[PDB]
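So this first bit is one chain, no partners, the form deposited in one PDB entry, shown in C-alpha coordinates.
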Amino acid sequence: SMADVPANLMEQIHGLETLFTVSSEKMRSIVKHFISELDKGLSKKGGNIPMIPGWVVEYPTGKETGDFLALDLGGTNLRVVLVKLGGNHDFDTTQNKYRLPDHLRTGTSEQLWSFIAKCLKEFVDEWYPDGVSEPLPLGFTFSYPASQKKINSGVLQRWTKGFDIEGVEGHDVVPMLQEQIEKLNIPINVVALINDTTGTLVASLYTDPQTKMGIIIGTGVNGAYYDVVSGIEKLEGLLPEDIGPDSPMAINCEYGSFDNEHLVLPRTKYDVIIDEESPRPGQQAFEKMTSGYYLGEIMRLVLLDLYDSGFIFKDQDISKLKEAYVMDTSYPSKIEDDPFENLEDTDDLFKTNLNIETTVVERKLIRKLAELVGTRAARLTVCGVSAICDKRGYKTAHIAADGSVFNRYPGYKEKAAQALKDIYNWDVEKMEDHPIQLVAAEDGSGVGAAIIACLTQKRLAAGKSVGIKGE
(Lines give C-alpha, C1' and ligand atoms only; values in the text may rest on other atoms or scores of the structure.)
Protein backbone atom coordinates (compact mmCIF):
# COMPACT_ATOMS: atom_id res chain seq x y z
CA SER A 1 0.00 0.00 0.00
CA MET A 2 3.04 2.23 -0.21
CA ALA A 3 4.15 0.91 -3.60
CA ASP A 4 3.06 4.03 -5.52
CA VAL A 5 4.71 6.53 -3.04
CA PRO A 6 7.67 8.32 -4.68
CA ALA A 7 11.09 7.39 -3.24
CA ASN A 8 11.78 10.91 -2.04
CA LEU A 9 8.64 10.88 0.14
CA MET A 10 9.40 7.26 1.04
CA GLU A 11 12.75 8.35 2.47
CA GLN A 12 11.15 11.07 4.56
CA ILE A 13 8.66 8.51 5.86
CA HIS A 14 11.53 6.15 6.94
CA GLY A 15 13.08 9.22 8.75
CA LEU A 16 9.77 9.83 10.62
CA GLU A 17 9.63 6.12 11.50
CA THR A 18 13.16 6.59 12.94
CA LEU A 19 12.08 9.59 14.95
CA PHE A 20 8.73 8.29 16.27
CA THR A 21 9.09 4.52 16.81
CA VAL A 22 9.68 3.39 20.45
CA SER A 23 11.31 -0.04 20.62
CA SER A 24 10.46 -2.59 23.36
CA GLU A 25 13.97 -2.05 24.72
CA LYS A 26 13.39 1.65 24.91
CA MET A 27 10.04 1.20 26.75
CA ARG A 28 11.82 -1.08 29.18
CA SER A 29 14.60 1.49 29.86
CA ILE A 30 12.04 4.31 30.30
CA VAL A 31 10.10 2.08 32.74
CA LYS A 32 13.26 1.55 34.88
CA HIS A 33 13.81 5.27 35.09
CA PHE A 34 10.13 5.94 35.73
CA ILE A 35 10.19 3.44 38.67
CA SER A 36 13.22 5.25 40.07
CA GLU A 37 11.35 8.57 39.86
CA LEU A 38 8.24 7.04 41.54
CA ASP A 39 10.53 5.98 44.43
CA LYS A 40 12.11 9.51 44.48
CA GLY A 41 8.72 11.24 44.69
CA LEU A 42 7.71 9.20 47.76
CA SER A 43 11.12 9.82 49.48
CA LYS A 44 12.21 12.95 51.43
CA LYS A 45 14.47 14.53 48.76
CA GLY A 46 11.21 14.27 46.61
CA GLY A 47 11.34 14.62 42.77
CA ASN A 48 9.61 15.83 39.64
CA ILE A 49 6.82 13.31 40.33
CA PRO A 50 4.61 14.59 43.25
CA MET A 51 3.40 11.05 44.44
CA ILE A 52 0.75 12.70 46.52
CA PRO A 53 -0.61 10.62 49.40
CA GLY A 54 -4.46 10.32 48.88
CA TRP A 55 -5.16 9.43 52.53
CA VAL A 56 -7.24 6.41 51.57
CA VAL A 57 -5.61 3.78 53.76
CA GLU A 58 -7.58 0.63 52.98
CA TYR A 59 -9.18 -1.11 50.00
CA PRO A 60 -12.76 -1.14 49.36
CA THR A 61 -14.14 -4.73 50.01
CA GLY A 62 -17.44 -4.73 48.06
CA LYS A 63 -19.18 -5.14 51.43
CA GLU A 64 -19.79 -1.45 52.07
CA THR A 65 -23.42 -0.31 52.33
CA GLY A 66 -25.22 3.03 52.69
CA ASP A 67 -25.96 6.39 51.04
CA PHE A 68 -23.01 8.71 50.13
CA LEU A 69 -22.79 11.89 48.16
CA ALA A 70 -20.26 13.06 45.66
CA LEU A 71 -19.59 16.42 44.13
CA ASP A 72 -17.63 16.45 40.89
CA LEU A 73 -16.48 20.01 40.15
CA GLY A 74 -15.44 20.57 36.50
CA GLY A 75 -14.41 23.71 34.62
CA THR A 76 -17.85 24.26 33.13
CA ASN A 77 -20.21 21.93 35.08
CA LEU A 78 -20.64 20.19 38.27
CA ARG A 79 -22.30 16.86 39.02
CA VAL A 80 -23.95 15.88 42.26
CA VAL A 81 -24.27 12.12 42.68
CA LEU A 82 -26.09 10.09 45.32
CA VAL A 83 -24.67 6.60 45.54
CA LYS A 84 -26.27 3.78 47.42
CA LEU A 85 -23.85 0.88 47.83
CA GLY A 86 -25.68 -2.50 47.87
CA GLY A 87 -22.87 -4.36 49.60
CA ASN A 88 -22.09 -6.89 46.92
CA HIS A 89 -19.56 -4.90 44.74
CA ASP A 90 -22.76 -3.10 43.46
CA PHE A 91 -24.29 0.35 43.52
CA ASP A 92 -27.07 2.51 42.45
CA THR A 93 -26.61 6.17 41.47
CA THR A 94 -28.93 9.11 41.29
CA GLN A 95 -27.33 12.20 39.74
CA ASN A 96 -27.86 15.73 38.40
CA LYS A 97 -25.56 17.91 36.33
CA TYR A 98 -25.50 21.74 36.67
CA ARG A 99 -23.83 24.12 34.29
CA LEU A 100 -21.68 26.77 35.98
CA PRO A 101 -22.90 30.35 35.33
CA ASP A 102 -20.04 31.66 33.20
CA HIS A 103 -19.36 34.72 35.44
CA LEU A 104 -18.10 32.30 38.20
CA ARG A 105 -14.84 31.04 36.49
CA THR A 106 -13.41 34.52 36.89
CA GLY A 107 -15.53 35.62 39.91
CA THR A 108 -14.93 35.77 43.65
CA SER A 109 -14.45 32.86 45.98
CA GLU A 110 -17.66 33.03 48.00
CA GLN A 111 -19.99 33.02 44.96
CA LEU A 112 -18.40 29.87 43.48
CA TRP A 113 -19.06 28.02 46.80
CA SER A 114 -22.49 29.53 47.36
CA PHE A 115 -23.57 28.35 43.91
CA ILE A 116 -22.27 24.86 44.59
CA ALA A 117 -24.19 24.92 47.83
CA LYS A 118 -27.35 26.11 45.94
CA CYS A 119 -26.97 22.94 43.71
CA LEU A 120 -26.44 20.65 46.76
CA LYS A 121 -29.54 21.99 48.55
CA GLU A 122 -31.83 21.57 45.53
CA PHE A 123 -30.53 17.98 45.08
CA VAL A 124 -30.88 16.94 48.73
CA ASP A 125 -34.27 18.61 49.13
CA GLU A 126 -35.59 16.51 46.23
CA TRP A 127 -34.08 13.09 47.29
CA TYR A 128 -34.57 13.49 51.03
CA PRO A 129 -37.70 15.67 51.34
CA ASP A 130 -38.11 14.76 55.07
CA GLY A 131 -34.41 15.29 55.84
CA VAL A 132 -31.91 12.65 56.97
CA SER A 133 -31.27 10.88 60.32
CA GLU A 134 -27.58 11.64 60.01
CA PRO A 135 -25.66 14.12 57.77
CA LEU A 136 -24.82 12.60 54.36
CA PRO A 137 -21.06 12.20 54.07
CA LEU A 138 -19.79 13.77 50.82
CA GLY A 139 -16.73 13.14 48.74
CA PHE A 140 -15.51 16.19 46.70
CA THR A 141 -13.61 15.57 43.44
CA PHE A 142 -11.47 18.69 43.05
CA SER A 143 -9.05 17.87 40.30
CA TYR A 144 -6.85 21.05 40.45
CA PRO A 145 -3.30 21.23 41.88
CA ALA A 146 -3.68 20.93 45.63
CA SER A 147 -1.94 19.46 48.64
CA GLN A 148 -3.72 17.57 51.46
CA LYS A 149 -2.28 16.95 54.87
CA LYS A 150 -5.42 14.87 55.56
CA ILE A 151 -8.22 13.48 53.50
CA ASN A 152 -10.79 16.16 54.38
CA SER A 153 -8.67 19.09 53.18
CA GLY A 154 -7.37 20.51 49.92
CA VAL A 155 -5.22 23.62 49.68
CA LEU A 156 -5.37 24.98 46.19
CA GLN A 157 -1.91 25.53 44.72
CA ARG A 158 -3.14 27.16 41.52
CA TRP A 159 -6.12 27.32 39.23
CA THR A 160 -6.24 25.25 35.98
CA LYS A 161 -8.86 24.39 33.32
CA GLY A 162 -10.14 27.95 32.83
CA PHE A 163 -10.67 29.13 36.47
CA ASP A 164 -9.31 32.33 37.85
CA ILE A 165 -10.95 33.26 41.13
CA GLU A 166 -9.12 35.53 43.63
CA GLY A 167 -7.99 34.45 47.16
CA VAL A 168 -8.49 30.71 46.74
CA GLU A 169 -4.98 29.65 45.82
CA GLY A 170 -3.05 28.94 49.08
CA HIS A 171 -6.31 28.29 51.08
CA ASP A 172 -8.18 25.12 52.09
CA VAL A 173 -11.25 24.75 49.83
CA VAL A 174 -13.02 22.18 52.05
CA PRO A 175 -14.07 24.69 54.85
CA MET A 176 -14.96 27.20 52.06
CA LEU A 177 -17.49 24.68 50.66
CA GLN A 178 -18.54 23.36 54.09
CA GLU A 179 -19.38 26.84 55.37
CA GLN A 180 -21.74 27.61 52.40
CA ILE A 181 -23.42 24.25 53.02
CA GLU A 182 -23.86 25.24 56.64
CA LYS A 183 -25.34 28.69 55.68
CA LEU A 184 -27.94 26.88 53.63
CA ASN A 185 -28.54 24.31 56.41
CA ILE A 186 -28.00 21.30 54.13
CA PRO A 187 -27.54 17.94 56.06
CA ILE A 188 -24.09 17.27 54.44
CA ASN A 189 -20.55 16.70 55.92
CA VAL A 190 -17.80 17.09 53.35
CA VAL A 191 -15.52 14.23 54.60
CA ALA A 192 -13.08 13.79 51.67
CA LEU A 193 -11.48 15.81 48.89
CA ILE A 194 -10.05 13.67 46.07
CA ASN A 195 -8.33 13.74 42.75
CA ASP A 196 -10.34 12.06 39.93
CA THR A 197 -7.64 9.44 39.35
CA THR A 198 -7.78 8.34 43.03
CA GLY A 199 -11.60 8.06 42.53
CA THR A 200 -11.05 6.01 39.35
CA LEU A 201 -8.80 3.63 41.29
CA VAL A 202 -11.19 3.13 44.21
CA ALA A 203 -14.56 3.02 42.35
CA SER A 204 -13.10 0.38 39.96
CA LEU A 205 -11.60 -1.71 42.83
CA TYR A 206 -15.03 -1.74 44.46
CA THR A 207 -16.75 -3.29 41.45
CA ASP A 208 -13.69 -5.16 40.01
CA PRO A 209 -11.43 -6.67 42.69
CA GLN A 210 -8.64 -7.19 40.09
CA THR A 211 -8.06 -3.43 39.72
CA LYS A 212 -4.47 -2.42 40.68
CA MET A 213 -4.44 1.03 39.12
CA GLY A 214 -6.70 3.86 37.98
CA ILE A 215 -5.43 5.77 34.90
CA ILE A 216 -6.70 8.74 32.85
CA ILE A 217 -5.67 8.83 29.21
CA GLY A 218 -7.27 11.94 27.86
CA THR A 219 -6.09 15.51 27.37
CA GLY A 220 -5.09 14.87 31.02
CA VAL A 221 -2.61 12.18 31.99
CA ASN A 222 -2.40 10.74 35.51
CA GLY A 223 -2.37 7.47 37.46
CA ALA A 224 -3.20 6.43 40.96
CA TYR A 225 -2.44 3.13 42.81
CA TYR A 226 -1.97 1.74 46.35
CA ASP A 227 1.48 1.94 47.84
CA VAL A 228 2.30 1.04 51.47
CA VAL A 229 3.21 3.45 54.27
CA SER A 230 6.64 1.93 55.04
CA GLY A 231 7.58 2.82 51.37
CA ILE A 232 6.80 6.49 51.79
CA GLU A 233 9.83 7.86 53.57
CA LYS A 234 8.41 11.44 53.26
CA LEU A 235 5.68 10.56 55.86
CA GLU A 236 8.18 9.28 58.48
CA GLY A 237 7.79 11.30 61.68
CA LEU A 238 4.50 12.80 60.48
CA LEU A 239 2.03 9.88 61.00
CA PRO A 240 -0.09 9.09 64.07
CA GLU A 241 0.44 5.63 65.53
CA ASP A 242 -2.84 4.27 64.01
CA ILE A 243 -1.55 4.62 60.43
CA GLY A 244 1.29 2.15 60.85
CA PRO A 245 3.96 0.95 58.42
CA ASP A 246 1.92 -1.99 56.90
CA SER A 247 -0.97 0.28 56.06
CA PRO A 248 -2.00 0.62 52.34
CA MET A 249 -1.87 4.20 51.01
CA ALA A 250 -3.52 5.34 47.82
CA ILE A 251 -1.20 7.60 45.84
CA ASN A 252 -2.19 10.22 43.25
CA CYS A 253 1.05 10.16 41.12
CA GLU A 254 0.53 13.34 39.15
CA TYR A 255 3.04 11.86 36.83
CA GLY A 256 2.49 14.23 33.89
CA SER A 257 5.69 15.78 35.30
CA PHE A 258 7.79 12.60 34.85
CA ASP A 259 11.16 13.43 33.22
CA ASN A 260 10.93 17.23 33.13
CA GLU A 261 14.69 16.85 33.38
CA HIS A 262 14.61 15.34 29.82
CA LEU A 263 16.93 12.40 30.59
CA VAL A 264 14.98 9.56 28.88
CA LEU A 265 11.81 10.50 26.92
CA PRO A 266 12.42 10.38 23.12
CA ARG A 267 11.68 14.00 22.36
CA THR A 268 11.87 15.06 18.72
CA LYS A 269 12.49 18.58 17.55
CA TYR A 270 8.66 18.75 17.20
CA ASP A 271 8.17 18.00 20.93
CA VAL A 272 10.88 20.57 21.77
CA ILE A 273 8.91 23.23 19.88
CA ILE A 274 5.61 22.14 21.47
CA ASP A 275 7.32 22.51 24.91
CA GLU A 276 9.02 25.76 23.98
CA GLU A 277 5.75 27.35 22.80
CA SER A 278 3.57 26.00 25.64
CA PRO A 279 2.23 28.04 28.66
CA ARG A 280 4.94 26.40 30.77
CA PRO A 281 8.15 25.41 29.01
CA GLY A 282 10.08 22.75 30.82
CA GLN A 283 6.99 21.46 32.63
CA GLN A 284 4.67 18.48 32.26
CA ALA A 285 7.12 16.64 29.90
CA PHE A 286 5.47 13.21 30.21
CA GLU A 287 2.04 14.73 29.67
CA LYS A 288 3.22 16.59 26.55
CA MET A 289 4.61 13.27 25.24
CA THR A 290 1.43 11.25 25.88
CA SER A 291 -1.65 13.41 26.16
CA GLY A 292 -4.12 13.40 23.31
CA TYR A 293 -4.18 17.14 23.41
CA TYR A 294 -0.89 17.43 21.43
CA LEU A 295 -1.24 14.66 18.87
CA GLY A 296 -2.63 16.85 16.10
CA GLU A 297 0.02 19.58 16.98
CA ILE A 298 2.80 17.00 16.54
CA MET A 299 1.32 16.26 13.10
CA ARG A 300 0.94 19.91 12.19
CA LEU A 301 4.62 20.76 12.92
CA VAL A 302 5.92 17.72 11.04
CA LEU A 303 3.84 18.61 7.98
CA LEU A 304 4.83 22.27 8.18
CA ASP A 305 8.47 20.99 8.29
CA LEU A 306 7.95 18.75 5.24
CA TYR A 307 6.23 21.58 3.46
CA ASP A 308 8.96 24.12 4.26
CA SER A 309 11.47 21.58 2.93
CA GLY A 310 9.72 21.20 -0.38
CA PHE A 311 8.32 17.65 -0.04
CA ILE A 312 4.52 18.18 0.16
CA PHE A 313 1.68 20.68 -0.38
CA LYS A 314 3.38 22.37 -3.31
CA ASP A 315 1.62 25.67 -4.07
CA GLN A 316 -1.06 25.11 -1.35
CA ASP A 317 -2.39 27.79 1.07
CA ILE A 318 -0.42 26.91 4.17
CA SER A 319 -1.87 29.79 6.29
CA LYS A 320 -4.14 27.53 8.49
CA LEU A 321 -1.43 24.85 9.04
CA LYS A 322 0.61 27.72 10.63
CA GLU A 323 -1.97 28.27 13.43
CA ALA A 324 -0.86 26.50 16.61
CA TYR A 325 -3.45 23.94 17.88
CA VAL A 326 -5.58 24.25 14.70
CA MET A 327 -5.41 20.37 14.56
CA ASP A 328 -6.85 18.83 17.70
CA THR A 329 -6.90 15.14 18.56
CA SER A 330 -9.75 14.52 16.13
CA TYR A 331 -7.24 14.82 13.21
CA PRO A 332 -5.02 11.85 14.00
CA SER A 333 -8.16 10.03 15.21
CA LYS A 334 -10.26 10.61 11.98
CA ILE A 335 -7.17 9.96 9.86
CA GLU A 336 -6.27 6.59 11.53
CA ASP A 337 -9.94 5.72 11.19
CA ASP A 338 -10.37 6.62 7.48
CA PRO A 339 -11.77 3.41 5.90
CA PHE A 340 -11.32 4.60 2.30
CA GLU A 341 -8.70 3.22 -0.07
CA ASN A 342 -8.08 6.77 -1.35
CA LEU A 343 -8.31 8.14 2.19
CA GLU A 344 -11.37 10.20 1.41
CA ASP A 345 -11.83 11.16 5.12
CA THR A 346 -8.31 12.52 5.39
CA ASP A 347 -8.99 14.46 2.10
CA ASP A 348 -12.20 16.12 3.52
CA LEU A 349 -10.38 17.10 6.66
CA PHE A 350 -7.48 18.86 4.92
CA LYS A 351 -9.64 20.42 2.18
CA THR A 352 -12.53 21.64 4.25
CA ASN A 353 -10.72 22.54 7.49
CA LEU A 354 -7.22 23.49 6.43
CA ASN A 355 -7.88 24.55 2.85
CA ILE A 356 -5.13 22.17 1.64
CA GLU A 357 -5.63 19.92 -1.40
CA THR A 358 -3.61 16.75 -1.15
CA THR A 359 -2.59 13.99 -3.58
CA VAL A 360 -3.13 10.33 -2.72
CA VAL A 361 0.49 9.73 -1.87
CA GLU A 362 0.52 12.78 0.48
CA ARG A 363 -2.56 11.33 2.21
CA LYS A 364 -0.67 8.07 2.55
CA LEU A 365 2.20 9.94 4.21
CA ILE A 366 -0.30 11.79 6.43
CA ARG A 367 -1.97 8.54 7.45
CA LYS A 368 1.37 6.89 8.23
CA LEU A 369 2.23 10.00 10.33
CA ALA A 370 -1.02 9.76 12.30
CA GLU A 371 -0.32 6.09 13.03
CA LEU A 372 3.28 6.76 14.28
CA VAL A 373 1.99 9.53 16.50
CA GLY A 374 -0.95 7.56 17.98
CA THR A 375 1.21 4.46 18.44
CA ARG A 376 4.05 6.44 20.02
CA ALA A 377 1.61 7.99 22.45
CA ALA A 378 0.14 4.64 23.55
CA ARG A 379 3.58 3.13 23.97
CA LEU A 380 4.81 5.90 26.20
CA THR A 381 1.49 5.89 28.14
CA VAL A 382 1.92 2.21 29.08
CA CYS A 383 5.40 2.94 30.42
CA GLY A 384 3.57 4.55 33.41
CA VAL A 385 1.39 1.45 33.79
CA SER A 386 4.42 -0.90 33.58
CA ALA A 387 6.37 1.22 36.06
CA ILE A 388 3.64 1.08 38.77
CA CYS A 389 3.14 -2.67 38.24
CA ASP A 390 6.90 -3.37 38.30
CA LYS A 391 7.47 -1.07 41.26
CA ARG A 392 4.74 -2.89 43.32
CA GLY A 393 5.42 -6.37 41.92
CA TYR A 394 2.09 -6.79 40.09
CA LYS A 395 2.56 -9.56 37.55
CA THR A 396 -1.15 -9.44 36.87
CA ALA A 397 -3.51 -6.42 36.92
CA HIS A 398 -6.63 -4.76 35.71
CA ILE A 399 -5.64 -1.13 34.94
CA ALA A 400 -8.99 0.72 35.23
CA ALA A 401 -8.85 3.38 32.47
CA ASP A 402 -10.78 6.44 31.63
CA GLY A 403 -10.32 9.55 29.47
CA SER A 404 -11.30 10.62 25.91
CA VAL A 405 -8.25 8.98 24.27
CA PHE A 406 -8.66 5.53 25.91
CA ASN A 407 -12.38 5.83 25.32
CA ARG A 408 -12.64 7.26 21.82
CA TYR A 409 -9.30 7.32 19.95
CA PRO A 410 -9.79 4.46 17.36
CA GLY A 411 -7.55 1.43 17.85
CA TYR A 412 -6.01 2.92 21.00
CA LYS A 413 -6.85 -0.10 23.15
CA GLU A 414 -5.13 -2.47 20.69
CA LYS A 415 -2.07 -0.12 20.53
CA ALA A 416 -1.85 -0.17 24.34
CA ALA A 417 -2.33 -3.94 24.75
CA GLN A 418 0.37 -4.56 22.06
CA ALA A 419 2.71 -2.09 23.85
CA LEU A 420 2.35 -4.01 27.14
CA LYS A 421 2.78 -7.31 25.29
CA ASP A 422 6.02 -5.92 23.75
CA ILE A 423 7.29 -4.71 27.19
CA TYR A 424 6.63 -8.05 28.94
CA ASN A 425 7.32 -10.27 25.95
CA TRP A 426 4.21 -12.40 26.84
CA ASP A 427 3.44 -15.47 24.79
CA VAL A 428 -0.30 -14.89 24.58
CA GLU A 429 -2.69 -14.92 21.67
CA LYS A 430 -5.51 -12.60 22.61
CA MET A 431 -5.48 -9.27 24.37
CA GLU A 432 -8.29 -10.34 26.73
CA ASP A 433 -5.80 -12.87 28.22
CA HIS A 434 -3.02 -10.29 28.76
CA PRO A 435 -1.77 -10.61 32.40
CA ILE A 436 -1.81 -6.76 32.75
CA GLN A 437 -4.67 -5.23 30.74
CA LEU A 438 -6.56 -1.97 30.56
CA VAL A 439 -10.32 -2.27 31.30
CA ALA A 440 -13.05 0.47 31.25
CA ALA A 441 -13.06 2.23 34.67
CA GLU A 442 -16.01 2.84 36.90
CA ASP A 443 -17.00 6.50 37.48
CA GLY A 444 -13.99 7.97 39.41
CA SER A 445 -15.26 11.52 40.15
CA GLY A 446 -18.82 10.50 41.25
CA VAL A 447 -19.01 6.84 42.36
CA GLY A 448 -15.33 6.82 43.37
CA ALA A 449 -15.65 9.99 45.52
CA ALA A 450 -18.74 8.59 47.22
CA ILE A 451 -17.00 5.32 48.05
CA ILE A 452 -14.01 7.17 49.46
CA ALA A 453 -16.45 9.22 51.54
CA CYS A 454 -17.92 5.90 52.91
CA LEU A 455 -14.46 4.57 53.75
CA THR A 456 -13.46 7.94 55.28
CA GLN A 457 -16.65 8.42 57.36
CA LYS A 458 -16.13 5.04 58.93
CA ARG A 459 -12.68 6.01 60.05
CA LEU A 460 -13.86 9.51 61.27
CA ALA A 461 -16.71 7.97 63.16
CA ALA A 462 -14.25 5.60 64.91
CA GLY A 463 -11.63 8.32 65.61
CA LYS A 464 -9.17 6.65 63.21
CA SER A 465 -6.66 9.18 61.68
CA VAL A 466 -6.98 10.20 58.01
CA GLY A 467 -3.91 12.46 57.88
CA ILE A 468 -0.74 13.61 59.55
CA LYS A 469 -0.59 14.13 63.40
CA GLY A 470 -2.32 17.29 64.60
CA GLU A 471 -4.14 18.13 61.35
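Note that residue numbering begins at 1 and tracks the sequence as displayed. So that the term is clear: the rigid core is the largest set of C-alpha atoms that superpose within 1.5 Å between two forms.
Separately, the form deposited in another entry exists; it is not shown, and the next lines address it.
- Of the residues listed here (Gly167, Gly282, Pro266, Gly244), only one shifts its CA by 2 angstroms or more between this form and the one not shown after fitting on the rigid core, and it is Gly167.
- Once the rigid core is used as the reference frame, the Cα position of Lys183 differs between this form and the one not shown by 2 Å or more.
- With the core held fixed, the Cα of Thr108 is displaced between this form and the one not shown by 2 Å or more.
- After superposition on the rigid core, the Cα of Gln157 moves by 2 Å or more between this form and the one not shown.
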